[PDB]
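Undergrad: Pasting a structure below so you can have a look.
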Amino acid sequence: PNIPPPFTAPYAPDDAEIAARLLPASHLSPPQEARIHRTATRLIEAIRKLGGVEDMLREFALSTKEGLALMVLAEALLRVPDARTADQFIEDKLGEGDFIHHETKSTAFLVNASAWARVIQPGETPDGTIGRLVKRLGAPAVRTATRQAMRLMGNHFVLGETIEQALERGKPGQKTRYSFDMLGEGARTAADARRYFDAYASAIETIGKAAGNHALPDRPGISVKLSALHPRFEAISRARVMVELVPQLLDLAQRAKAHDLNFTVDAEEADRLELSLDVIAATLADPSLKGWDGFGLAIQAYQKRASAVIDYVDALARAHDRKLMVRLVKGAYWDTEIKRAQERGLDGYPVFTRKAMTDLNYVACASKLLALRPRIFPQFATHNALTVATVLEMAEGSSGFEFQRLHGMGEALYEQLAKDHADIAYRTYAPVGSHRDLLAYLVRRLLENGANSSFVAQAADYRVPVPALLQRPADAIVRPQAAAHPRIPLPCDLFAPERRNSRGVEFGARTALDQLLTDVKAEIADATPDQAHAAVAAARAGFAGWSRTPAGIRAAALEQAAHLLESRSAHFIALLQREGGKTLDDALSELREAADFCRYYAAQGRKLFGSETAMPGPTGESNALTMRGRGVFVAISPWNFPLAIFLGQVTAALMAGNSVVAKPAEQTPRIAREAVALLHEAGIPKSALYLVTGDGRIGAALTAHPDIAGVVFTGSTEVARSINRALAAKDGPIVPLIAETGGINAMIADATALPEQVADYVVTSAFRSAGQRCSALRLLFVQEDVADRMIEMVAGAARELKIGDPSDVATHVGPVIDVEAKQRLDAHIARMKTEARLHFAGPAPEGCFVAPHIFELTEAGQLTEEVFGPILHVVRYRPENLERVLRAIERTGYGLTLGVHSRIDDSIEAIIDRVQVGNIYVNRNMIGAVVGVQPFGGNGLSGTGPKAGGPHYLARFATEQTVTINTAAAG
Amino acid sequence: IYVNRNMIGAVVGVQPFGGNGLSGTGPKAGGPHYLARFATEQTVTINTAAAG
Amino acid sequence: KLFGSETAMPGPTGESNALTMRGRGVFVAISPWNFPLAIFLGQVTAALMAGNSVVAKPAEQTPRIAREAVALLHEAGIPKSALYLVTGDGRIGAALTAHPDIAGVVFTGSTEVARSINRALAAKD
Amino acid sequence: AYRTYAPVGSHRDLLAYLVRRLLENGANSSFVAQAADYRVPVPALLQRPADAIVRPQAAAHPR
Ligand SMILES: Cc1cc2nc3c(=O)[nH]c(=O)nc-3n(C[C@H](O)[C@H](O)[C@H](O)COP(=O)(O)OP(=O)(O)OC[C@H]3O[C@@H](n4cnc5c(N)ncnc54)[C@H](O)[C@@H]3O)c2cc1C
Ligand SMILES: Cc1cc2nc3c(=O)[nH]c(=O)nc-3n(C[C@H](O)[C@H](O)[C@H](O)COP(=O)(O)OP(=O)(O)OC[C@H]3O[C@@H](n4cnc5c(N)ncnc54)[C@H](O)[C@@H]3O)c2cc1C
């Protein structure tokens with residue numbers, strides 16, 4: 001049969017339609033249900049008859065953060081050479097003080113062994129995760145919880161500083177009772193991708209030398225992650241991924257085949273499904289994998305596409321005439337998928353949103369997989385007693401499949417299953433790898449053991465009666481229309497009923513990305529000072545009628561502008577790419593933001609200007625407060641968000657009842673002209689909105705005009721002051737100036753932060769849009785104990801960014817706006833090269849490009865200007881010198897964005913309390929403020945306020961009027 | 001604006017008082033838009049996904 | 001109502017977004033002779049309420065009431081370090097408003113003086 | 001100094017004693033029960049009685 005086409009199932013179909021088929025098909029005869037019920041009751045009875053992570057979380061009532069901190073402290077304590085020394089520490093030091101120090105050191109130990117190896121003053125304020133733990137449970141219970149974490153870490157994990165040390169520790173002249181769930185994921189650098197490859201290769205040899213003499217399926221397996229093997233494993237980098245990753249995955253599959261092992265490609269996020277299936281298919285196709293039945297992959301039942309992934313895998317197996325071992329799981333990234341679909345404004349969720357639907361689809365999928373025997377050998381990975389009992393019933397035997405579990409979970413379940421059914425096979429995986437890969441793995445692990453819907457958690461809570469654990473999924477759903485979770489809105493309804501959300505696109509769905517790429521590919525004289533003056537006068541004339549147009553009618557025009565923007569998204573995205581130099585995601589994002597500005601100011605507009613506010617007062621008198629347009633606003637906009645900031649400023653002014661003269665940046669008048677024509681078409685009268693183009697001279701003519709009633713300006717600090725001076729110089733009214741200006745934006749990362757995550761956030765914040773965002777990271781402060789690893793990881797990550805033509809989908813970093821910008825940037829770079837350590841200087845293509853650069857400074861004071869390009873500055877610091885760091889941030893006088901990366905709530909809160917920055921971003925990137933979600937704007941040298949996209953913005957464009965009427969003659 | 005009564009003696013919280021043009025910048029003293037002008041906004045955005 | 005608590009913003013799951021309002025810094029309060037108690041206290045307590053510290057310069061003709069008011073505020077709970085009274089002419093007012101460390105001016109008085117204050121502010125770097 | 005008492009007697013007198021004993025160990029307001037529930041932070045166990053009452057008129061239980 002034919003090799004199947006590239007996988008392209010619909011990403012997020014409707015749950016009800018799926019439920020309409022799954023509900024009737026799940027029906028079981030009374031004797032089938034009786035067997036299921038009995039088997040499952042027995043399994044749970046055994047479960048409720050050792051210790052696991054969930055038990056520790058439940059016993060001390062620990063959050064996932066606290067669980068994490070104790071397990072990290074436990075691993076550090078287990079690696080102390082002399083056990084008595086750890087014992088001394090636990091009793092004498094732990095819980096007595098140095099709470100943050102212990103948490104910081106034990107976490108740093110995971111990337112910098114040297115870091116972990118003092119005298120504690122009494123009466124120390126208990127802060128940090130551990131100190132807060134101690135205030136809550138008492139120091140003695142914390143010691144007890146750490147010792148339990150120590151038994152868990154020592155018994156359920158195979159760990160070392162290096163893979164060689166992990167592998168040596170996990171050794172059995174016999175066979176290992178465990179398959180390896182390797183720790184690695186998401187290479188950030190080319191060197192990370194090689195390290196993980198070598199770890200996998202080394203693991204396979206160790207596993208091989210101890211594999212026993214039986215045939216599959218009774219040989220050990222290894223689990224592998226595509227993201228570990230390639231530093232840009234993403235849909236937009238598919239071309240380079242097919243060429244680079246496939247040979248590497250092939251090399252490991254071959255090494256595995258030589259020991260006749262089970263080799264399994266793990267399933268990761270929904271946006272990587274298609275790409276992974278492409279990688280897997282091309283790899284499987286190689287003739288070198290013939291005559292071996294161990295190749296396989298995981299398939300996630302929580303996805304709506306799961307059943308189609310099974311069809312695809314089967315056709316693949318028939319086309320190449322292979323036997324595959326296929327792992328069926330529910331799925332480990334549920335929270336991530338919900339969040340991403342909301343952020344990306346998708347039209348639905350790739351996963352089910354009711355737990356019972358996952359459970360339903362898992363059983364339907366198991367049923368399908370069982371009938372693909374013997375070509376497919378199904379592996380059912382679950383620790384759910386009901387799921388196990390149900391799959392066992394459907395198999396009608398015990399041959400041709402196995403179950404799977406993770407070391408430290410499901411032990412009692414599968415022991416009992418083995419007693420009641422001697423021919424049952426189950427595979428046990430152990431997590432194996434290096435300390436530097438532990439944190440990322442622990443976080444994912446802890447979300448499921450801490451989940452309340454989790455079977456493992458409930459079974460361990462004796463409040464939950466056994467029969468509750470045995471509810472059939474079909475009886476929890478009942479009706480197809482109930483399939484979706486009622487308390488989780490679709491992304492388009494995220495703000496309902498306040499306003500509609502703009503639509504995004506899933507780049508990981510090739511149908512969506514291809515169409516978007518296709519639609520997009522398918523798509524000005526200056527003004528004289530006299531024309532600018534005529535513009536003001538014409539706007540002054542149109543003001544009277546526009547200010548008196550009812551607020552509902554002004555709002556309707558904004559909402560219609562939003563609708564037309566989204567309807568013509570391809571036209572505007574094409575402009576943003578060609579005139580703005582933006583990558584596809586930046587342009588799409590800008591388009592969304594422009595439409596979000598319209599709907600949001602429209603909604604705030606009705607609330608603010610829709611009706612008067614009655615003031616309390618004496619009887620026989622009415623007092624009403626209203627807000628009226630001010631006059632003609634002059635809107636001056638920058639080149640870097642030439643559509644969204646342009647429209648945000650303009651539609652705010654219009655919404656408040658002002659007429660507008662808008663002057664866009666010299667570099668981007670075409671998009672501004674398309675925007676203005678669009679507003680006119682949406683309902684803005686020709687007499688309320690005028691576009692005037694030209695240089696700073698034209699801008700200065702507008703702002704010097706005696707008849708204007710206010711200025712809204714976004715741009716350089718220097719120009720804002722001159723505008724402010726030109727206004728204050730007039731003898732007329734003092735008009736409002738709203739000025740959003742630059743920043744020297746810092747980020748603080750401590751040693752409790754995950755270095756791979758921070759690296760991601762730093763790369764994005766500093767280098768996305770070639771650093772041409774006002775919110776961009778300019779200055780990273782990183783704690784010395786993790787500084788070398790963090791810097792190396794950011795540098796290695798920056799080197800994987802494709803720089804080039806913005807219209808190419810694979811491009812990460814497009815050109816800077818113009819030659820003058822490139823000249824200023826290249827001059828700062830030349831200076832920094834003689835002044836500070838160069839950690840990275842990327843290769844730029846010929847043309848208007850500047851590549852990411854990373855410099856380390858001796859001190860923050862060496863950075864004195866905002867440099868508007870892809871250039872990161874790094875300062876390493878000592879933990880006790882945080883005060884010097886905070887002062888260094890205060891000293892610039894700026895205050896736009898600040899990033900904070902830390903596990904420690906008390907440190908985060910101490911930083912928030914201290915700084916005056918407009919936008920603080922904790923444990924995520926510092927860019928992409930969402931309208932109505934992150935009201936965006938800074939203070940000090942960074943801006944005047946109020947914040948754009950927030951609830952205090954519109955009022956500033958208007959003036960108040962109080963009407964007081966003596967009503968006593970009416971009675 | 002005062003209709004069929006005198007033009008003086010604005011009462012705090014009843015007649016938010018203050019003018020525009022050459023008469024003032026705003027916001028009106030004794031009204032609900034006054035305090036905000038003396039303050040600055042701060043947005044704190046926290047990724048809480050690790051907590052669950 | 002305004003500073004008592006943060007405003008939760010709508011947003012995606014797995015993320016919190018809170019809007020707060022903080023003091024700006026040092027406010028200079030300049031008040032006229034014609035409502036020497038109420039406009040003095042209106043401007044002063046508003047700035048204080050918003051979380052700013054205040055340097056208040058009353059009109060030359062009415063410092064005695066201004067001093068009694070400031071003393072009364074201290075006694076009612078305003079720390080000495082949050083509120084200071086400076087008396088003198090327009091030149092003293094001009095000293096306060098030209099100072100590079102102040103975070104805002106609240107002014108009631110003549111149109112001509114407002115412009116000169118506004119010019120002195122815009123002149124700063 | 002502290003004195004420790006042991007329950008001493010015959011089986012025929014146990015049931016009546018156990019019932020009374022079990023009402024206090026099972027009580028949610030019970031200090032012993034709360035201290036053994038790690039959900040309850042140590043500072044909660046240390047609330048002074050006078051601060052739970054606050055006002056004389058609140059002395060009686062409202063429900
Ligand atoms: C050996 C092994 C290997 C694995 N490999 C992978 C892999 O490569 N990729 C991967 O993604 N997973 C993988 N998993 C699965 C993941 O790690 C979890 O263990 C698994 O999802 C838990 O399922 P369950 O039957 O044990 O538990 P349960 O408590 O029955 O099921 C919990 C699951 O339900 C789902 N869920 C929770 N809430 C909702 C909701 N509101 N709506 C819809 N669904 C919901 C989630 O998927 C959650 O994990 C693997 C598991 C094992 C044991
Ligand atoms: C050695 C010993 C001998 C004892 N002998 C006697 C005896 O002879 N007669 C006798 O009656 N008790 C006796 N008790 C007391 C009784 O057995 C309980 O042990 C005691 O009341 C618990 O108090 P506490 O300080 O340990 O615990 P706590 O948890 O502090 O206090 C619980 C007590 O609060 C009271 N209480 C609970 N709810 C309310 C409420 N809503 N309003 C008002 N009060 C409330 C009850 O008295 C309850 O026992 C004795 C206790 C001991 C240890």
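Chains: A, B, ... in order of the structure tokens. Residues: from 1 per chain. Ligands: from 1, in order shown.
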As a PyMOL selection string, could you give me every residue of chain A near chain D (at most 8 Å apart, counting only C-alpha atoms)?

TA: chain A and resi 59-61+135-138

Undergrad: Include N, CA, C and O atoms and write out the residues we just selected as a short mmCIF file (atom, residue, chain, number, x, y, z; two decimals), in the first residue's frame.

TA:
data_model
loop_
_atom_site.label_atom_id
_atom_site.label_comp_id
_atom_site.auth_asym_id
_atom_site.auth_seq_id
_atom_site.Cartn_x
_atom_site.Cartn_y
_atom_site.Cartn_z
N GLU A 59 0.43 14.24 52.38
CA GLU A 59 0.81 14.17 53.79
C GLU A 59 1.19 15.53 54.38
O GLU A 59 0.86 15.82 55.52
N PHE A 60 1.89 16.38 53.62
CA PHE A 60 2.28 17.67 54.17
C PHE A 60 1.45 18.83 53.61
O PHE A 60 1.68 20.00 53.95
N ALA A 61 0.45 18.48 52.81
CA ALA A 61 -0.42 19.46 52.18
C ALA A 61 0.46 20.48 51.45
O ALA A 61 0.37 21.69 51.69
N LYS A 135 7.34 28.24 58.68
CA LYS A 135 6.31 28.98 59.40
C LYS A 135 5.00 28.18 59.42
O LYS A 135 4.30 28.14 60.43
N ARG A 136 4.69 27.51 58.33
CA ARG A 136 3.42 26.79 58.27
C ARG A 136 3.39 25.44 59.02
O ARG A 136 2.48 25.19 59.82
N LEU A 137 4.37 24.57 58.75
CA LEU A 137 4.42 23.21 59.30
C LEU A 137 5.34 23.06 60.52
O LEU A 137 5.27 22.08 61.24
N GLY A 138 6.24 24.02 60.72
CA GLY A 138 7.26 23.89 61.75
C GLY A 138 8.50 23.27 61.15
O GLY A 138 8.42 22.45 60.22
#

Undergrad: Need to verify the contact set: residue 1 of chain B, 7 Å, only C-alpha atoms, exclusion of same-chain residues closer than 6 positions in sequence. Can you return it as a short mmCIF file (atom, residue, chain, number, x, y, z; two decimals) with N, CA and C atoms, in the first residue's frame?

TA:
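Printed below is result38.cif as written:
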data_model
loop_
_atom_site.label_atom_id
_atom_site.label_comp_id
_atom_site.auth_asym_id
_atom_site.auth_seq_id
_atom_site.Cartn_x
_atom_site.Cartn_y
_atom_site.Cartn_z
N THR A 962 -19.76 69.53 34.63
CA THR A 962 -20.80 69.33 35.63
C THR A 962 -21.96 70.28 35.34
N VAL A 963 -23.16 69.73 35.22
CA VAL A 963 -24.36 70.53 35.06
C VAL A 963 -25.19 70.44 36.33
N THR A 964 -25.44 71.58 36.93
CA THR A 964 -26.17 71.63 38.18
C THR A 964 -27.46 72.43 37.97
#

Undergrad: Nearest to chain C among A:277, A:574, A:882, A:338, with distances taken over only C-alpha atoms: which residue is it?

TA: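 Using only C-alpha atoms, chain C sits closest to A:338.
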
Undergrad: Return as a list in words the residues belonging to chain C that are within 7 Å of chain A, counting only C-alpha atoms.

TA: residues 9, 10, 11, 12, 13, 14, 17, 115, 118, 119, 122 and 123 of chain C

Undergrad: Which residues are near ligand 1 in this structure, taking near to mean any atom at most 7 Å from a ligand atom and counting only C-alpha atoms and all ligand atoms? Format them as a PDB file with C-alpha atoms, in the first residue's frame.

TA:
ATOM      1  CA  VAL A 265       9.481   8.627  20.190  1.00  0.00           C
ATOM      2  CA  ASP A 266       7.592  10.547  22.888  1.00  0.00           C
ATOM      3  CA  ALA A 267       4.679  12.812  22.023  1.00  0.00           C
ATOM      4  CA  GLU A 268       5.015  16.481  22.972  1.00  0.00           C
ATOM      5  CA  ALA A 298       3.574   7.709  21.769  1.00  0.00           C
ATOM      6  CA  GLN A 300      -1.909  11.182  23.066  1.00  0.00           C
ATOM      7  CA  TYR A 302      -6.424  13.693  25.086  1.00  0.00           C
ATOM      8  CA  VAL A 329      -1.074   7.762  26.748  1.00  0.00           C
ATOM      9  CA  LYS A 330      -3.594  10.357  27.804  1.00  0.00           C
ATOM     10  CA  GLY A 331      -1.241  13.354  27.672  1.00  0.00           C
ATOM     11  CA  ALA A 332       1.102  15.468  29.787  1.00  0.00           C
ATOM     12  CA  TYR A 333       0.686  19.069  28.497  1.00  0.00           C
ATOM     13  CA  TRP A 334      -3.033  19.777  29.047  1.00  0.00           C
ATOM     14  CA  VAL A 351      -7.446  18.657  23.339  1.00  0.00           C
ATOM     15  CA  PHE A 352     -10.619  17.662  25.202  1.00  0.00           C
ATOM     16  CA  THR A 353     -11.565  19.910  28.108  1.00  0.00           C
ATOM     17  CA  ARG A 354     -13.475  17.430  30.206  1.00  0.00           C
ATOM     18  CA  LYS A 355     -11.375  14.717  31.847  1.00  0.00           C
ATOM     19  CA  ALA A 356     -14.101  12.188  31.114  1.00  0.00           C
ATOM     20  CA  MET A 357     -13.716  12.873  27.386  1.00  0.00           C
ATOM     21  CA  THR A 358     -10.033  12.005  27.528  1.00  0.00           C
ATOM     22  CA  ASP A 359     -10.961   8.837  29.392  1.00  0.00           C
ATOM     23  CA  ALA A 381       0.636   3.646  29.669  1.00  0.00           C
ATOM     24  CA  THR A 382      -1.723   4.574  32.509  1.00  0.00           C
ATOM     25  CA  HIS A 383      -1.895   4.361  36.294  1.00  0.00           C
ATOM     26  CA  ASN A 384      -5.683   4.461  36.280  1.00  0.00           C
ATOM     27  CA  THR A 387      -8.699   2.376  32.513  1.00  0.00           C
ATOM     28  CA  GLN A 404       3.244   0.678  31.099  1.00  0.00           C
ATOM     29  CA  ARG A 405       3.914   2.709  34.182  1.00  0.00           C
ATOM     30  CA  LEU A 406       6.546   4.976  35.659  1.00  0.00           C
ATOM     31  CA  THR A 428       8.291  -0.119  34.023  1.00  0.00           C
ATOM     32  CA  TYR A 429      10.240   3.000  33.028  1.00  0.00           C
ATOM     33  CA  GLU A 448      -0.059  15.481  37.386  1.00  0.00           C
ATOM     34  CA  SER A 453      -8.739  15.158  38.778  1.00  0.00           C
ATOM     35  CA  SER A 454      -5.739  12.828  38.842  1.00  0.00           C
ATOM     36  CA  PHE A 455      -6.695   9.207  39.459  1.00  0.00           C
ATOM     37  CA  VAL A 456      -3.526   8.598  41.487  1.00  0.00           C
TER      38      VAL A 456
END

Undergrad: Could you work out how far atom CA of residue 755 of chain A lies from atom CA of residue 65 of chain A, giving the answer in Å with one decimal?

TA: 16.8 Å

Undergrad: Could you report the residues within 8 Å of ligand 2, using only C-alpha atoms and all ligand atoms, as a PyMOL selection string?

TA: chain D and resi 3-5+21+24+27+29-33+61

Undergrad: For the residues in that selection, give me N, CA and C atoms as a PDB file, in the first residue's frame.

TA:
ATOM      1  N   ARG D   3       1.372  15.256  85.058  1.00  0.00           N
ATOM      2  CA  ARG D   3       0.784  13.976  85.399  1.00  0.00           C
ATOM      3  C   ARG D   3       0.125  13.339  84.174  1.00  0.00           C
ATOM      4  N   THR D   4       0.381  12.049  83.978  1.00  0.00           N
ATOM      5  CA  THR D   4      -0.205  11.316  82.863  1.00  0.00           C
ATOM      6  C   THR D   4      -1.179  10.283  83.399  1.00  0.00           C
ATOM      7  N   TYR D   5      -2.426  10.323  82.921  1.00  0.00           N
ATOM      8  CA  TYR D   5      -3.437   9.362  83.362  1.00  0.00           C
ATOM      9  C   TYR D   5      -3.618   8.295  82.310  1.00  0.00           C
ATOM     10  N   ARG D  21     -14.757   9.839  74.480  1.00  0.00           N
ATOM     11  CA  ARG D  21     -13.399  10.099  74.020  1.00  0.00           C
ATOM     12  C   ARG D  21     -13.366  10.454  72.532  1.00  0.00           C
ATOM     13  N   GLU D  24     -14.328  14.132  71.085  1.00  0.00           N
ATOM     14  CA  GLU D  24     -13.355  15.224  71.192  1.00  0.00           C
ATOM     15  C   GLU D  24     -12.201  15.088  70.196  1.00  0.00           C
ATOM     16  N   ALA D  27     -13.754  16.060  66.873  1.00  0.00           N
ATOM     17  CA  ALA D  27     -14.216  17.445  66.775  1.00  0.00           C
ATOM     18  C   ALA D  27     -13.275  18.300  65.906  1.00  0.00           C
ATOM     19  N   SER D  29     -13.116  21.657  65.909  1.00  0.00           N
ATOM     20  CA  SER D  29     -12.634  22.767  66.726  1.00  0.00           C
ATOM     21  C   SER D  29     -11.532  22.305  67.679  1.00  0.00           C
ATOM     22  N   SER D  30     -11.380  20.988  67.783  1.00  0.00           N
ATOM     23  CA  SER D  30     -10.423  20.370  68.674  1.00  0.00           C
ATOM     24  C   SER D  30      -9.009  20.809  68.315  1.00  0.00           C
ATOM     25  N   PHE D  31      -8.237  21.217  69.316  1.00  0.00           N
ATOM     26  CA  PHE D  31      -6.864  21.629  69.064  1.00  0.00           C
ATOM     27  C   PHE D  31      -6.030  20.458  68.514  1.00  0.00           C
ATOM     28  N   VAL D  32      -6.191  19.300  69.144  1.00  0.00           N
ATOM     29  CA  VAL D  32      -5.465  18.093  68.801  1.00  0.00           C
ATOM     30  C   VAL D  32      -5.704  17.711  67.355  1.00  0.00           C
ATOM     31  N   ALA D  33      -6.956  17.817  66.925  1.00  0.00           N
ATOM     32  CA  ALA D  33      -7.303  17.489  65.548  1.00  0.00           C
ATOM     33  C   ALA D  33      -6.646  18.462  64.563  1.00  0.00           C
ATOM     34  N   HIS D  61     -22.624  32.065  70.371  1.00  0.00           N
ATOM     35  CA  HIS D  61     -22.528  31.586  69.000  1.00  0.00           C
ATOM     36  C   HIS D  61     -23.758  32.011  68.216  1.00  0.00           C
TER      37      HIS D  61
END

Undergrad: Report, in Å with one decimal, the straight-line distance from atom CA of residue 557 of chain A to atom CA of residue 636 of chain A.

TA: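 It comes out at 21.4 Å.
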
Undergrad: Can you list every residue in chain C that DSSP puts in strand (DSSP E), as a PyMOL selection string?

TA: chain C and resi 7-8+15-23+26-30+53-57+83-85+102-107

Undergrad: Report the distance between atom CA of residue 701 of chain A and atom CA of residue 735 of chain A in Å, rounded to one decimal place.

TA: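 These atoms are spaced 15.9 Å apart.
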
Undergrad: Taking the DSSP secondary structure from the backbone, can you list the residues of segment 503-647 of chain A that are helix (DSSP H, G or I), as an MDAnalysis selection string?

TA: chainID A and resid 510:521 529:548 551:567 569:578 584:609 644:647

Undergrad: Find the residues in chain C near chain B: any atom within 8 Å counts, using only C-alpha atoms. Write them as number ranges by chain.

TA: C: 2, 14-24, 42, 46-47, 49-52, 104, 111

Undergrad: Limited to N, CA, C and O atoms, could you put the picked residues into a file as an mmCIF file, in the first residue's frame?

TA:
data_model
loop_
_atom_site.group_PDB
_atom_site.id
_atom_site.type_symbol
_atom_site.label_atom_id
_atom_site.label_comp_id
_atom_site.auth_asym_id
_atom_site.auth_seq_id
_atom_site.Cartn_x
_atom_site.Cartn_y
_atom_site.Cartn_z
ATOM 1 N N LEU C 2 -9.935 53.511 45.027
ATOM 2 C CA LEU C 2 -8.904 53.536 43.996
ATOM 3 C C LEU C 2 -7.605 52.783 44.378
ATOM 4 O O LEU C 2 -7.050 52.049 43.573
ATOM 5 N N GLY C 14 -3.523 30.115 33.534
ATOM 6 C CA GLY C 14 -2.104 29.984 33.829
ATOM 7 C C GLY C 14 -1.351 31.314 33.909
ATOM 8 O O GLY C 14 -0.122 31.345 33.811
ATOM 9 N N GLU C 15 -2.072 32.417 34.088
ATOM 10 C CA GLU C 15 -1.431 33.732 34.154
ATOM 11 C C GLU C 15 -2.296 34.685 34.958
ATOM 12 O O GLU C 15 -3.501 34.686 34.802
ATOM 13 N N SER C 16 -1.686 35.480 35.828
ATOM 14 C CA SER C 16 -2.423 36.523 36.526
ATOM 15 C C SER C 16 -1.954 37.916 36.084
ATOM 16 O O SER C 16 -0.772 38.142 35.789
ATOM 17 N N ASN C 17 -2.898 38.841 36.029
ATOM 18 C CA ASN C 17 -2.628 40.200 35.598
ATOM 19 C C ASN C 17 -3.364 41.158 36.510
ATOM 20 O O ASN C 17 -4.584 41.127 36.559
ATOM 21 N N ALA C 18 -2.611 41.986 37.234
ATOM 22 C CA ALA C 18 -3.168 42.902 38.223
ATOM 23 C C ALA C 18 -2.675 44.310 37.997
ATOM 24 O O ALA C 18 -1.491 44.540 37.771
ATOM 25 N N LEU C 19 -3.610 45.250 38.053
ATOM 26 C CA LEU C 19 -3.322 46.667 37.878
ATOM 27 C C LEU C 19 -3.405 47.352 39.227
ATOM 28 O O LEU C 19 -4.354 47.151 39.982
ATOM 29 N N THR C 20 -2.380 48.130 39.544
ATOM 30 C CA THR C 20 -2.337 48.867 40.800
ATOM 31 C C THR C 20 -1.994 50.321 40.529
ATOM 32 O O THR C 20 -1.607 50.685 39.417
ATOM 33 N N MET C 21 -2.153 51.157 41.541
ATOM 34 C CA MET C 21 -1.819 52.564 41.401
ATOM 35 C C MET C 21 -0.915 52.994 42.529
ATOM 36 O O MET C 21 -1.277 52.879 43.690
ATOM 37 N N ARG C 22 0.233 53.559 42.191
ATOM 38 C CA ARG C 22 1.230 53.867 43.199
ATOM 39 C C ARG C 22 1.475 55.365 43.247
ATOM 40 O O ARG C 22 1.235 56.070 42.268
ATOM 41 N N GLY C 23 1.944 55.844 44.395
ATOM 42 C CA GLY C 23 2.401 57.214 44.519
ATOM 43 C C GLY C 23 3.421 57.515 43.435
ATOM 44 O O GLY C 23 4.075 56.607 42.927
ATOM 45 N N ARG C 24 3.549 58.784 43.062
ATOM 46 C CA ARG C 24 4.486 59.152 42.014
ATOM 47 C C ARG C 24 5.826 59.573 42.577
ATOM 48 O O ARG C 24 6.845 59.305 41.966
ATOM 49 N N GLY C 42 -7.311 70.540 50.151
ATOM 50 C CA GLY C 42 -7.810 69.703 49.079
ATOM 51 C C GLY C 42 -6.662 69.130 48.260
ATOM 52 O O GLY C 42 -6.570 67.921 48.049
ATOM 53 N N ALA C 46 -5.118 65.185 48.727
ATOM 54 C CA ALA C 46 -5.277 64.354 47.541
ATOM 55 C C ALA C 46 -3.945 63.702 47.168
ATOM 56 O O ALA C 46 -3.907 62.510 46.866
ATOM 57 N N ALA C 47 -2.883 64.506 47.142
ATOM 58 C CA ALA C 47 -1.539 64.022 46.845
ATOM 59 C C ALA C 47 -1.105 62.948 47.877
ATOM 60 O O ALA C 47 -0.707 61.855 47.497
ATOM 61 N N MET C 49 -3.064 61.182 49.802
ATOM 62 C CA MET C 49 -3.915 60.009 49.666
ATOM 63 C C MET C 49 -3.413 59.098 48.559
ATOM 64 O O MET C 49 -3.508 57.878 48.678
ATOM 65 N N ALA C 50 -2.866 59.688 47.495
ATOM 66 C CA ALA C 50 -2.408 58.891 46.358
ATOM 67 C C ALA C 50 -1.051 58.194 46.628
ATOM 68 O O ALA C 50 -0.582 57.389 45.807
ATOM 69 N N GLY C 51 -0.447 58.496 47.778
ATOM 70 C CA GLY C 51 0.797 57.867 48.194
ATOM 71 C C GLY C 51 2.027 58.705 47.899
ATOM 72 O O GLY C 51 3.135 58.185 47.893
ATOM 73 N N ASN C 52 1.836 60.000 47.646
ATOM 74 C CA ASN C 52 2.958 60.919 47.439
ATOM 75 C C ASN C 52 3.338 61.646 48.718
ATOM 76 O O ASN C 52 2.501 61.859 49.590
ATOM 77 N N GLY C 104 5.586 65.974 40.480
ATOM 78 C CA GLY C 104 4.399 66.615 39.956
ATOM 79 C C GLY C 104 4.115 67.906 40.683
ATOM 80 O O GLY C 104 4.628 68.142 41.782
ATOM 81 N N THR C 111 -3.387 82.401 35.905
ATOM 82 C CA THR C 111 -3.073 81.791 34.618
ATOM 83 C C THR C 111 -1.619 82.047 34.214
ATOM 84 O O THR C 111 -0.925 81.141 33.731
#

Undergrad: Would you pick out the contacts of residue 322 of chain A at 9 Å or less, using only C-alpha atoms, so that residues sharing its chain but fewer than 5 positions from it are not included, and give the list as a PyMOL selection string?

TA: chain A and resi 284+289-293+295+316-317+375-376
